[PDB]
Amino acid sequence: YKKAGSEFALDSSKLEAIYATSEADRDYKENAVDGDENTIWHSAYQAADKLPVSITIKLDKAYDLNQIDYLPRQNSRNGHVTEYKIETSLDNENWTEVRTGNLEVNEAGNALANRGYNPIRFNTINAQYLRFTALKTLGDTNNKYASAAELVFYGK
């Protein structure tokens, strides 16, 4: 039987990545919301690159949103987000801060506790744009670059 809430997951074709602070290689912003667990967005990792970095997703219409799931890159820890901010907008110009938060880490504070989908819930807000910002991340250099395999959105 279904997980409470799962019927409200939006198809990934409804999510367009319209902005990211930077990108590396072929790890395009669009890959954070292409419904493919195997493709990632990864921000750039040259000397002047640093956190924070953001990625902005446009939905096909406004929704009443109350959750996104963050899926970490599945075959490497580089860019795993550990602290994030969520903002939303109706017009891609006036932003509301909807939450900041942390994803759980291990005892050492150097690896994610949950390698799968990490739920990020917030009070329902009508929005057509959501900006996800990586404030802290893990990697072979920590707190420098972010990645995301998927951002799954829930709304009505």
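Residue indices: 1-based, along the sequence shown.
Here 4-12 and 146-154 are compared by their mean Cα B-factor, and 4-12 comes out higher. Legend: mean Cα B-factor per stretch from the PDB entry, 105-113 versus 62-70; the higher mean is in 105-113. Within the selection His42, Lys50, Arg121, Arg131, the deposited Cα B-factor values reach their highest point at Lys50. Ranked against the other modelled residues of its chain, the C-alpha B-factor of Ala32 as given in the entry falls in the lowest third. Remark: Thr100 belongs to the highest third of its chain, ranked by C-alpha B-factor as recorded. Per-chain ranking of the deposited C-alpha B factor places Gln46 in the highest third.
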